[PDB]
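The listed protein sequences derive, respectively, from chains s, a, 0 and m. For the first sequence, the authors' numbering assigns the number 96 to the last residue and increments by one with no breaks. For the second sequence, the authors' numbering assigns the number 286 to the last residue and increments by one with no breaks. For the third sequence, the authors' numbering assigns the number 48 to the last residue and increments by one with no breaks. For the fourth sequence, the authors' numbering assigns the number 120 to the last residue and increments by one with no breaks.
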Amino acid sequence: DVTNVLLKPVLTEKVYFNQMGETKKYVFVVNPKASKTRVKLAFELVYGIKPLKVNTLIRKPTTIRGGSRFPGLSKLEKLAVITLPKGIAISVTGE
Amino acid sequence: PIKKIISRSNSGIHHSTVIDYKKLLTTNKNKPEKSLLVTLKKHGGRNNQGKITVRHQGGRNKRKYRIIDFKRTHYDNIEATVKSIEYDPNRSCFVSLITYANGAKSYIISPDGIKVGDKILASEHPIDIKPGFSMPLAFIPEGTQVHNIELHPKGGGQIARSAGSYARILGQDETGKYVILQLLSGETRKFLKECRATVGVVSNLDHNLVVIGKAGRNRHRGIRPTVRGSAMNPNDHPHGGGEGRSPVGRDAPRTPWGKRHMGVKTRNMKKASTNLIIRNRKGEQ
Amino acid sequence: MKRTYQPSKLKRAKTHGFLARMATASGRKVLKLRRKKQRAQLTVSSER
Amino acid sequence: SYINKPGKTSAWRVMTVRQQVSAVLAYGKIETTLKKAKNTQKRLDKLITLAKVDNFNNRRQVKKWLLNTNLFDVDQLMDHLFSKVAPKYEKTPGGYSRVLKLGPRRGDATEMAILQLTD
RNA sequence: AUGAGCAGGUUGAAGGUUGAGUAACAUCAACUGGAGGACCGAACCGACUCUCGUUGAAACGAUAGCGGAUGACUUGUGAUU
RNA sequence: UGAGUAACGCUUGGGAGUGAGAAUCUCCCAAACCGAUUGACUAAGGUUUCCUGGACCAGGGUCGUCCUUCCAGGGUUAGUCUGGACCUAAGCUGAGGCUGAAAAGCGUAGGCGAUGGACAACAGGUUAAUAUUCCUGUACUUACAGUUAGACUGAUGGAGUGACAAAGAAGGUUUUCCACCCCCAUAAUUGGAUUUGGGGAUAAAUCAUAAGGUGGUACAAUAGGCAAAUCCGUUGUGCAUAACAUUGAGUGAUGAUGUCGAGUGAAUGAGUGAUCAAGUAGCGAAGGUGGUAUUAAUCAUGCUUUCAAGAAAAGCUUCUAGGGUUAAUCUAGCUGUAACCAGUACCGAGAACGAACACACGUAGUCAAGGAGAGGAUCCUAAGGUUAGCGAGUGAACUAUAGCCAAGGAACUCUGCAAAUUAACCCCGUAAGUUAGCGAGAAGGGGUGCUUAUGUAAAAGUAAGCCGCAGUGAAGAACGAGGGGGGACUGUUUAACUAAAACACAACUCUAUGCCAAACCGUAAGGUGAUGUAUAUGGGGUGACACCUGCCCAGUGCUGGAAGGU
Ligand SMILES: [Mg+2]
Ligand SMILES: [Mg+2]
Ligand SMILES: [Mg+2]
Ligand SMILES: [Mg+2]
Ligand SMILES: [Mg+2]
Ligand SMILES: [Mg+2]
Ligand SMILES: [Mg+2]
Ligand SMILES: [Mg+2]
Ligand SMILES: [Mg+2]
Ligand SMILES: [Mg+2]
Ligand SMILES: [Mg+2]
Ligand SMILES: [Mg+2]
Ligand SMILES: [Mg+2]
Ligand SMILES: [Mg+2]
Ligand SMILES: [Mg+2]
Ligand SMILES: [Mg+2]
Ligand SMILES: [Mg+2]
Ligand SMILES: [Mg+2]
Ligand SMILES: [Mg+2]
Ligand SMILES: [Mg+2]
Ligand SMILES: [Mg+2]
Ligand SMILES: [Mg+2]
Ligand SMILES: [Mg+2]
Ligand SMILES: [Mg+2]
Ligand SMILES: [Mg+2]
Ligand SMILES: [Mg+2]
Ligand SMILES: [Mg+2]
Ligand SMILES: [Mg+2]
Ligand SMILES: [Mg+2]
Ligand SMILES: [Mg+2]
Ligand SMILES: [Mg+2]
Ligand SMILES: [Mg+2]
Ligand SMILES: [Mg+2]
Ligand SMILES: [Mg+2]
Ligand SMILES: [Mg+2]
Ligand SMILES: [Mg+2]
Ligand SMILES: [Mg+2]
Ligand SMILES: [Mg+2]
Ligand SMILES: [Mg+2]
Ligand SMILES: [Mg+2]
Ligand SMILES: [Mg+2]
Ligand SMILES: [Mg+2]
Ligand SMILES: [Mg+2]
Ligand SMILES: [Mg+2]
Ligand SMILES: [Mg+2]
Ligand SMILES: [Mg+2]
Ligand SMILES: [Mg+2]
Ligand SMILES: [Mg+2]
Ligand SMILES: [Mg+2]
Ligand SMILES: [Mg+2]
Ligand SMILES: [Mg+2]
Ligand SMILES: [Mg+2]
Ligand SMILES: [Mg+2]
Ligand SMILES: [Mg+2]
Ligand SMILES: [Mg+2]
Ligand SMILES: [Mg+2]
Numbered sequence: 002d003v004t005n006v007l008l009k010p011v012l013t014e015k016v017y018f019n020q021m022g023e024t025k026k027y028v029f030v031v032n033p034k035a036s037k038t039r040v041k042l043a044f045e046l047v048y049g050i051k052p053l054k055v056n057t058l059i060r061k062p063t064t065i066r067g068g069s070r071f072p073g074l075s076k077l078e079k080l081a082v083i084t085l086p087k088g089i090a091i092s093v094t095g096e
Numbered sequence: 002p003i004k005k006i007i008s009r010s011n012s013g014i015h016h017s018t019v020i021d022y023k024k025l026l027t028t029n030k031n032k033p034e035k036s037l038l039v040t041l042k043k044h045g046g047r048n049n050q051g052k053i054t055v056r057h058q059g060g061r062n063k064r065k066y067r068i069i070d071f072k073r074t075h076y077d078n079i080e081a082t083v084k085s086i087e088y089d090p091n092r093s094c095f096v097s098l099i100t101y102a103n104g105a106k107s108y109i110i111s112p113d114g115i116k117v118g119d120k121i122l123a124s125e126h127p128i129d130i131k132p133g134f135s136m137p138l139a140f141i142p143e144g145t146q147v148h149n150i151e152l153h154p155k156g157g158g159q160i161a162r163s164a165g166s167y168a169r170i171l172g173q174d175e176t177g178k179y180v181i182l183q184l185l186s187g188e189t190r191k192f193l194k195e196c197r198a199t200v201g202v203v204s205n206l207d208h209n210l211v212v213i214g215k216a217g218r219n220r221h222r223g224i225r226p227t228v229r230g231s232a233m234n235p236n237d238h239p240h241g242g243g244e245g246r247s248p249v250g251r252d253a254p255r256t257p258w259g260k261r262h263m264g265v266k267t268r269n270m271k272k273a274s275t276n277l278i279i280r281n282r283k284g285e286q
Numbered sequence: 001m002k003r004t005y006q007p008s009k010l011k012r013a014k015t016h017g018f019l020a021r022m023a024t025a026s027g028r029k030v031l032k033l034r035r036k037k038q039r040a041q042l043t044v045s046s047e048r
Numbered sequence: 002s003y004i005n006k007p008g009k010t011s012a013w014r015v016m017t018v019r020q021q022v023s024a025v026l027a028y029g030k031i032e033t034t035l036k037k038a039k040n041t042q043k044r045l046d047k048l049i050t051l052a053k054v055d056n057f058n059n060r061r062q063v064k065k066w067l068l069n070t071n072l073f074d075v076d077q078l079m080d081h082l083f084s085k086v087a088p089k090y091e092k093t094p095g096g097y098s099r100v101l102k103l104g105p106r107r108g109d110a111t112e113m114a115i116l117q118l119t120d
């Protein structure tokens, strides 16, 4: 509802491999406390097309910059893979 | 009766003997009634604190407790029929699955001599002197075998419940109550008038002559090895230490916890049941 | 050979965890002392 | 001291000679250690002089030494030896191969040697 | 408390059936049956011996033999003193 | 300093290339070990160690252009898998409450707690890294609403099922395997070749058919199941070679004009060429008949026997209660809507885990190829995987591991310690003693190869012939006899110097204990003993089996005792 559960879209080799060929799959990063139903509602209230299904990924934090004078940990990410129906492809930028 | 076991396994020789359980039991199969079946949790000789309390206990096989009607007072005035004599792993004596006229089922300690189809009946009037009939001690003629004697009136059977256990009636007392009962071990007691008991000797009279042939059989029965005190360290037992096989050394044998224990009497004479005892297997009171 | 420490994620958390320490007076005293020493790893719960 | 390495066994030595001689017959040059070239030279010369008659008995004798290489098989190495290499040395009184010493290796300081077919 | 494991091959008990036998028992013969803290021997468990090692590959092992291997057996997970 | 000394912790050769520099990096060809494993799937643990590109401060027992090291980017997709939203075992917590100087201990109702129970998805493909998760194909399950038809609905409670031990042997059906046949490639210069090598597959789900397995079936009365009952239990009657109820591996048809498939095999582009590209994309034939006296899997939570007598709850079915009657609820069908949370990478160990080390150690389960073989033993290899992260020489003394040693054969030594002989299968034969079970694989001997013929379903065997010094020709297989001491035996014990005569064990005896039992943990509550009852429990001593166990009650210990003295 508040639509703070759609933080940032991400574009990788896997994302672009899926984002072509009829059904498009758009991968965003979401609030780690959000659920699939909240993700579908946010896409409804901010894009307008009902997702066909949603898949979720949790990437655990890991050590980064190891051996550097001050080592640091990573940040917890939840990834969401929305898939719109056949023949529809909306743009992530431009509204 | 008893039947020998011929192992013919060439690792020692053991003339093991077991109860037949074939000509004494109706069906050799193990088919207990589901309704009266609760499972027993093996304490292993450990109290609620988890510490070993009674030594040499632990390691028995899984058992399911069969609910036994020691009271036999709920369905009074109702004729019961024995249906099967079965094996109870929690007591040396066989148990009979009896059924009442109304359709209720129960387990009772099986009297010796009864077979399938023998009628039973309990109440608080004369009834009849038949094996298995349970009546209060007031109406039993003196001389008959009785088991499942109730100490506290309206309670359950407590005395003479093991295999082949019985007690004889030895008249009454001038008090108008405390009927005399001559029990096993040559002890004479005074049981209250209202107390209820069952006539007949308990079955499985040949449980004395069963001979275990192996350590494993006794281990599966639930007995752990008992270490003698002479083999102990000078710590953990008074009879320890020594240089070689040593005698007791003290003035008398001692418990692991250090008391005399030999010939000494350990009965609390300041008990309300002392006045109800005529002999204590040795003499008066 | 079987060495002394055989790691287990459950046994560790159920023996030296925060909830285990916060169930008895002795554990509360231990946690108070560790706060006095300002240990970053107060208990084994904060493995990361 | 135990659980030692198998070592430079006699079987290993024969296999090493077999591999180097098969390669030197296939390509024509071998860059090895000097003490290994000085031992492969004997077998190389023996194979070449026995392969001068080209009868089936001589093929059976050579096949107990030749091994498969990248440039030729065990059957095409036979054709190369009996039709191309050996006929060249038809009246040379021995000494078909030369061993010359290169510099020491960077990681061993062992003396390298190139073994070649002397034209 | 709840689960799992013991490759493979032998010996052939009690009991039962049949026949002879007995005045009827007992006993004997054949067949069935497959018991044993049974036997040989892998995984598995254990550690009896020689040698090596003793600033080790190793704060207790390696090679070669060795004992048990359906049981008072071995082991995983969880609880507890 | 020792000292540039010991050590560098099980695995080879060559060709081409990169690079400033190569035994150590990449590719190729061999070579050597593993192959009941160094192969493949995962649990636990580890926590990014996984993939790509770059680098060679440090780490790698050498080197390094390379790494499980460092830098940058990326990688883990679930209604059906593993766990919660379901249930309980040991046990933990535990309002009240009991006990206790205090802190606290015990404990009822409730609540947690898998290593167990219940619950719906299979086949193939795809990326450098994920796949019962993504894609394709075909399915299933649970909720909610509308609708059609039928039916009275029936639980927080009652009952049944769920629900179970060990060992053993028979069957039924698929298999393994054997024989034939089909298809593909091959036709061989070293003497002869008329052949050689490889493949023969399809799941969940739906429908029909099911070898069989389990247990008697209906009717009538009921006083018992914290009320009620049409359900259960009980009592009678009829029919009971069967009927009825439930369950059931396999078979056939869709799923499948699909997928997989031996092999054939590019183009495109990189490159000086080969080669890569790649042996990749694509193409892709047959995709079967009979037997079995051989195999393993399932039916099977099936059956039989034995004593040591072998989990609970949820769930499912059913019963009324309780609610409806001008209704609700349930069943079957159609349409639509929804299916949450956590894990999913990689290793899984002579380099990712526990051992400080890229340490010869240890770590649950699952798949298990061929030949000979009883075999998962043994030797060599298949699918697959590795190159034991210091090398090159030499072949002194000396050491470790092996092999052999003429004549003698324990003369060696504390002692045949160690080493050596035997070893598998088949056929003969086998003593003293005994608790009649054993001793016993006793001791002692013989045969094993290949060919032909006879034997069989296959054998085994039998007869003749041939070769060698030797024929389970190699690997893996018990040395034996006699007398004595101790322990009856099988077992257990000092993790890391003592495995034994020590401990234990079945058995004997004494003693205490009448149940709120004796004994024991605590201070007490509480609890073990025991949901047991003298044929039972605790303690002391002895330790199969057989024969015996003698005298002393002065002292000590124990039991009992009239009075009397203190
Ligand atoms: Mg997920
Ligand atoms: Mg005892
Ligand atoms: Mg006892
Ligand atoms: Mg001692
Ligand atoms: Mg003392
Ligand atoms: Mg003493
Ligand atoms: Mg002495
Ligand atoms: Mg060799
Ligand atoms: Mg045995
Ligand atoms: Mg110094
Ligand atoms: Mg120096
Ligand atoms: Mg020196
Ligand atoms: Mg030196
Ligand atoms: Mg050295
Ligand atoms: Mg090394
Ligand atoms: Mg090497
Ligand atoms: Mg090999
Ligand atoms: Mg492996
Ligand atoms: Mg790291
Ligand atoms: Mg990499
Ligand atoms: Mg790189
Ligand atoms: Mg270096
Ligand atoms: Mg799906
Ligand atoms: Mg739970
Ligand atoms: Mg589980
Ligand atoms: Mg992978
Ligand atoms: Mg030819
Ligand atoms: Mg009632
Ligand atoms: Mg129950
Ligand atoms: Mg994986
Ligand atoms: Mg290892
Ligand atoms: Mg490690
Ligand atoms: Mg190493
Ligand atoms: Mg394992
Ligand atoms: Mg094999
Ligand atoms: Mg092997
Ligand atoms: Mg020799
Ligand atoms: Mg010789
Ligand atoms: Mg000699
Ligand atoms: Mg001689
Ligand atoms: Mg001598
Ligand atoms: Mg001498
Ligand atoms: Mg010896
Ligand atoms: Mg003998
Ligand atoms: Mg003597
Ligand atoms: Mg012994
Ligand atoms: Mg022993
Ligand atoms: Mg020791
Ligand atoms: Mg020892
Ligand atoms: Mg008390
Ligand atoms: Mg109790
Ligand atoms: Mg003794
Ligand atoms: Mg003795
Ligand atoms: Mg005496
Ligand atoms: Mg006296
Ligand atoms: Mg006295």
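All residues carry an ideal CB built from backbone N, CA and C; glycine is no exception.
Fill in: Contiguous alpha helix (DSSP H) assignments of at least 4 residues, all confined to the region 2 to 76 of chain m
11 to 27, 35 to 51 and 57 to 63
Worksheet entry | Nearest to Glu143 (chain a) (by Cα), restricted to the options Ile278 (chain a), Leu171 (chain a) and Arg261 (chain a) | Numbered from its first residue, the second sequence carries residue 143 (chain a) at position 142. Of the listed residues, the one whose Cα sits closest to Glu143 (chain a) is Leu171 (chain a).
Worksheet item: For ligand 5, is there a heavy atom less than 6 Å away from the beta-carbon of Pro239 (chain a)?
Response: In the second sequence, counting from the first residue as 1, residue 239 (chain a) sits at position 238. The answer is yes for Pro239 (chain a).
Worksheet item: What separation, rounded to the nearest whole angstrom, lies between the Cα atoms of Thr256 (chain a) and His262 (chain a)?
Response: As a first step, residue 256 (chain a) is located in the second sequence; it is residue number 255 there, counting from the start. As a first step, residue 262 (chain a) is located in the second sequence; it is residue number 261 there, counting from the start. Roughly 6 Å separates the two Cα atoms.
Fill in: Separation of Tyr167 (chain a) from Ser204 (chain a), as counted between CA atoms
Start at 1 with the first residue of the second sequence, and residue 204 (chain a) comes out as number 203. Start at 1 with the first residue of the second sequence, and residue 167 (chain a) comes out as number 166. Computed Cα separation, rounded: 10 Å.
Discussion item. Please return the same chain residues whose Cβ sits closer than 8 Å to the Cβ of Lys39 (chain m), not counting the five positions on each side in sequence.
Written reply: Within the fourth sequence, residue 39 (chain m) is the residue found at index 38, counting from 1. Excluding sequence neighbours, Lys39 (chain m) sits near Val100 and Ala114.
Worksheet item: When DSSP labels each residue in this structure, what does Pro88 (chain m) get in the three-state scheme?
Response: Within the fourth sequence, numbered from 1, the residue matching residue 88 (chain m) stands at position 87. Note: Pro88 (chain m) maps to helix in three-state DSSP.
Discussion item. Restricting to runs no shorter than 3 residues, where is the beta strand (DSSP E) found entirely within the region 8 to 79 of chain s?
Written reply: 26 to 31 and 54 to 60
Practice prompt. Go ahead and pull the three-state DSSP assignment for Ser231 (chain a).
Written response: Counting from 1 along the second sequence, the entry for residue 231 (chain a) is found at position 230. DSSP places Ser231 (chain a) in helix when its eight states are reduced to three.
Discussion item. Can you tell me whether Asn269 (chain a) is helix, strand or coil according to DSSP?
Written reply: For the purposes of this step, residue 269 (chain a) is taken as the residue at position 268 of the second sequence. In the structure shown, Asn269 (chain a) sits in coil (DSSP, three-state: anything other than H, G, I, E or B).
Worksheet item: Are there 16 or more other CB atoms within 10 angstroms of the CB of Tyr90 (chain m), so buried, or fewer, so exposed?
Response: By one-based count along the fourth sequence, residue 90 (chain m) stands at place 89. Counting Cβ neighbours within 10 Å, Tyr90 (chain m) comes out buried, since at least 16 surround it.
Worksheet item: Are the Cβ atoms of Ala164 (chain a) and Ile150 (chain a) separated by less than 7 Å?
Response: Counting from 1 along the second sequence, the entry for residue 164 (chain a) is found at position 163. Counting from 1 along the second sequence, the entry for residue 150 (chain a) is found at position 149. Taking 7 Å as the Cβ cut-off, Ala164 (chain a) and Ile150 (chain a) do not qualify as a contacting pair.
Fill in: DSSP beta-bridge partners of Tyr101 (chain a)
Indexing the second sequence from 1 puts residue 101 (chain a) at position 100. BP columns for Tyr101 (chain a) point to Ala81 (chain a).
Discussion item. If the criterion is Cβ atoms closer than 7 Å, does the pair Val39 (chain a) and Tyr66 (chain a) meet it?
Written reply: Here residue 39 (chain a) refers to the residue found at position 38 of the second sequence. Here residue 66 (chain a) refers to the residue found at position 65 of the second sequence. Yes. Within cutoff.
Worksheet item: Helix, strand or coil: how does DSSP classify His148 (chain a) here?
Response: By 1-based counting over the second sequence, the position of residue 148 (chain a) is 147. Strand.
Worksheet item: Which word fits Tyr22 (chain a), buried or exposed, when buried means at least 16 other C-beta atoms lie within 10 angstroms of its C-beta?
Response: Taking the second sequence and counting its residues from 1, the one referred to as residue 22 (chain a) is at position 21. It is exposed - the Cβ of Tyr22 (chain a) has fewer than 16 other Cβ atoms within 10 Å.
Worksheet item: If you follow the alpha helix (DSSP H) that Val30 (chain 0) is part of, which residue opens it and which one closes it?
Response: Walking along the third sequence from the start, residue 30 (chain 0) turns up at place 30. Residues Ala25 to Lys36.
Item to complete: For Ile160 (chain a), write down the residues that DSSP places opposite it in a beta bridge.
Response: Residue numbering aside, residue 160 (chain a) sits at position 159 when the second sequence is read from its first letter. According to DSSP, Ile160 (chain a) bridges with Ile150 (chain a).
Item to complete: Inspect the beta-carbon positions of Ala123 (chain a) and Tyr101 (chain a) and report whether they are closer than 7 Å.
Response: Position 122 of the second sequence, counting from 1, holds the residue named residue 123 (chain a). Position 100 of the second sequence, counting from 1, holds the residue named residue 101 (chain a). Result no, Cβ atoms of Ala123 (chain a) and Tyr101 (chain a) do not sit closer than 7 Å.
Worksheet item: So which of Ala139 (chain a), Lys155 (chain a), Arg222 (chain a) and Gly133 (chain a) has the shortest CA-CA distance to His148 (chain a)?
Response: By one-based count along the second sequence, residue 148 (chain a) stands at place 147. The option with the nearest alpha carbon to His148 (chain a) is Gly133 (chain a).
Practice prompt. Given a cut-off of 7 Å, decide if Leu116 (chain m) and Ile4 (chain m) are closer than it, judged by their beta-carbon atoms.
Written response: For the purposes of this step, residue 4 (chain m) is taken as residue 3 along the fourth sequence, with counting starting at 1. For the purposes of this step, residue 116 (chain m) is taken as residue 115 along the fourth sequence, with counting starting at 1. In this structure, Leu116 (chain m) does not lie closer than 7 Å to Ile4 (chain m) by Cβ.
Discussion item. What would DSSP say about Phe192 (chain a), mapped onto helix, strand or coil?
Written reply: What you label residue 192 (chain a) is simply residue 191 of the second sequence in a count that begins at 1. The answer is strand: DSSP assigns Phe192 (chain a) an E or B state.
Worksheet item: Helix, strand or coil: how does DSSP classify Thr27 (chain a) here?
Response: The residue labelled residue 27 (chain a) in the question sits at position 26 within the second sequence. Three-state result, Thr27 (chain a): coil.
Discussion item. Is it the case that the region 8 to 18 of chain a contacts the region 67 to 81 of chain s, given that we only count it when at least three CB pairs across the two stretches are under 8 Å?
Written reply: no
Practice prompt. Whole angstroms is fine: what's the gap from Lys6 (chain m)'s alpha carbon to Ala52 (chain m)'s?
Written response: For this step, residue 6 (chain m) is matched to residue 5 along the fourth sequence. For this step, residue 52 (chain m) is matched to residue 51 along the fourth sequence. Going from the Cα of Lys6 (chain m) to the Cα of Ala52 (chain m) covers about 37 Å.
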